[PDB]
Structures are given as C-alpha cells and as structure tokens.
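Understanding the architecture of this molecule
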Amino acid sequence: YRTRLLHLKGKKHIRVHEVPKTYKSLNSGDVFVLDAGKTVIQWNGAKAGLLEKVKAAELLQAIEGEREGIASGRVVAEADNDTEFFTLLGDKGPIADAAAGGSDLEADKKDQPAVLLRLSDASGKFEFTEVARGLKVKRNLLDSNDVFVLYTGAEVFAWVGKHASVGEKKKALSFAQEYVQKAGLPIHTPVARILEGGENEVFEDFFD
Ligand SMILES: [Ca+2]
Ligand SMILES: [Ca+2]
Ligand SMILES: [Cl-]
Ligand SMILES: [Mg+2]
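Looking at the PDB entry, the chain carries the name Actin-binding protein fragmin P, with the source organism given as Physarum polycephalum. Looking at the chain in UniProt, the text filed under Sequence similarities (unreviewed entry) is "Belongs to the villin/gelsolin family."

**Overview of the overall build of the chain**
The helix and strand inventory of the chain stands at five helices and 10 strands. The C-alpha radius of gyration of the chain comes to 18 Å, within 12% of the 17 Å expected for a compact globule of 208 residues. Considered along the principal axes of its C-alpha atoms, the chain spans approximately 55 × 35 × 25 Å. Counting across all 208 residues of the chain, residues that qualify as buried make up 46%. Of the charged side chains in the chain, 29 are positive and 32 negative; the average position of the first set lies 3 Å away from that of the second.

**Regarding the domain arrangement of the chain**
The accessible area lost on association of the parts is a frequent measure of interface size. If you check the domain split of the chain, you get domain 1 (4-110) and domain 2 (115-206). Here the C-alpha centre of domain 2 lies 26 Å away from the C-alpha centre of domain 1. Taken together, the 12 residues of domain 1 in the interface contact nine residues of domain 2. In total, about 940 Å² of surface goes out of reach between domain 1 and domain 2, with carbon and sulfur atoms giving 55% of it. Here domain 1 is connected to domain 2 by zero salt bridges. Counting across the interface, domain 1 meets domain 2 through three residue pairs in polar contact. Those elements that provide at least two residues to the side of domain 1 that touches domain 2 are β1 (4-9), β2 (15-19) and α1 (50-67).

**Focus: the coordination of the magnesium ion (ligand 4)**
Distances from the magnesium ion (ligand 4) to its protein donors, namely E58 (OE), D205 (O), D205 (OD), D208 (O) and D208 (OD), fall within the range 2.3 to 2.4 Å. Summarised as a motif, the one-chain spacing of the donors to the magnesium ion (ligand 4) is E-x146-D-x2-D. On the criterion of sequence distance, the pair formed by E58 in helix α1 and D205 in helix α5 (residues 201-205) is long-range, its members being 147 residues apart. Owing to a relative accessible area of 14%, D205 belongs among the buried residues under this scheme.

**Description of the pairing of β2**
The pairing of β1 with β2 spans five bridges and is antiparallel. Opposite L5, over in β2, you have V19 as the bridge partner. Connecting the antiparallel pair β1 and β2 is a turn made up of five residues, with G10 showing a positive phi of about 155°.

Reading the values: the criteria
- Residues numbered from 1 in each chain as written, not as in the entry; some residues may be left out.
- Chains lettered and ligands numbered in written order.
- Heavy atoms only, no water.
- UniProt positions renumbered as here; feature names shortened; annotations may be inferred.
- Helix = DSSP H or I, 4+ residues; strand = E, 2+ residues; numbered from the N terminus.
- Rg over C-alpha atoms; globule rule 2.2 N^0.38 Å.
- Buried < 20%, exposed > 50% of the residue type's maximum accessible area, 1.4 Å probe, protein only.
- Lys, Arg positive; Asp, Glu negative; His and termini not counted.
- Charge placed at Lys NZ, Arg CZ, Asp CG, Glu CD.
- Domains from an automatic or database assignment.
- Contact = heavy atoms within 4.5 Å.
- Buried area = accessible area lost by both parts, 1.4 Å probe.
- Salt bridge = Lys/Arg side-chain N within 4 Å of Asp/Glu carboxyl O.
- Polar contact = N/O pair within 3.5 Å; in protein donor to acceptor, adjacent residues only side chain to side chain.
- Donors = N, O, S within 2.8 Å, 3.2 Å for Na, K, Ca; no water.
- Pairing = 2+ DSSP bridges.

Structure (structure tokens):
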C-alpha cells in the first residue's frame, strides 16, 4: 500500500489535500491524516480547530467502515510525538507553526478543490463534462441515469448510477483515471469505482 499524507484545513468548512509525505508538510495549526493502509493515524496540530478535528475524525470513521476491520484508526496529539506516526511518515523534525500553515479563513475562500463531472453517452457518444466545483458540489446533483466522477481534493470516485447505460458502466473507471491525467493531479491519486446503493462511506463522507 502507498502511504498518503492528507492535510485538512478550514474554519466554516473543511477541505482536504494530499501533501508530500514528510514532517515538513505538517503545521501545528491544522489536522493531518496519515493513511498507511491497515494503519490510519489522525494527527491533531496543537492549535488545530474543532471543525478540522471533527472532519478528520469523520474521514477515519469512513475509511475504517469501508475497509472492514482491515484498517484500524487512531488519533494522536502533536504534543504526544507519536513514534508510530513519525515512523510511517518516514522522517521527523521541527513542526512548522500555525502561522506558516496560513489562515483557515483564507483557505475557506480560496481553496475549494472539489470537482464533479458527468459521463453520459445519451447523445450517442461519450460526453465527459464538468458539472460543479467547490462548495457547489452537492449530493443532489447525482443522477441515477448516468455516471459521475467526484474529485474530493484527495481521491477520485467513479459513481455508477443504477440506470447508467452499458457503455457508461463499462467506461466509468477509465474516464475517472484519465481525469487524473488531464487535471494534472499526482499520478498515484486513488481512483475507486463505486455503485449507487453501496454504503460508499468515504464518498458519502465528502457531502457531510
Ligand atoms: Ca487550522
Ligand atoms: Ca445514461
Ligand atoms: Cl484564521
Ligand atoms: Mg463528512
């Protein structure tokens, strides 16, 4: 499994980004999730906000539920200097202060990375079209008749509507994988094909 470091940040709402796997990506003002597959660790900065911890905790719960006992979750404080955390991280050093991580209020306004796209072949050919971005990505936009691709800021999901066509169901994953390429995202960005009706905890977690 490829260990990923996720960075959660915000005041009125929370956005997540994947950041380089190193202590230098951390800052005491925010909350981070180190996803090492079967071990997932939430790291709370000393000055982390309540909402950042809450949504990081929701992410851990969703990952644990989707991985069905294979993955265990644990939360550590920055002051704990958790040795397993820094071992899975790969290095250790001085943690940048909250000021160096930037303003949460600025992040709310300037950093909304979510993107929702639709894949439909109702016209006789595949059309892959952006539907919404940022906070305007709402669950009500999903349509059982088509396939939808959601970028959360950390992961890409290919959501397959129950009434999607044969071509849409077959090509859903390839369009989601190709989105990572065209959008210039990290090559190892996780892409997952999911079905309407599934529990899909991490996907559903994005919307609440
Ligand atoms: Ca913060
Ligand atoms: Ca369709
Ligand atoms: Cl602030
Ligand atoms: Mg949530």
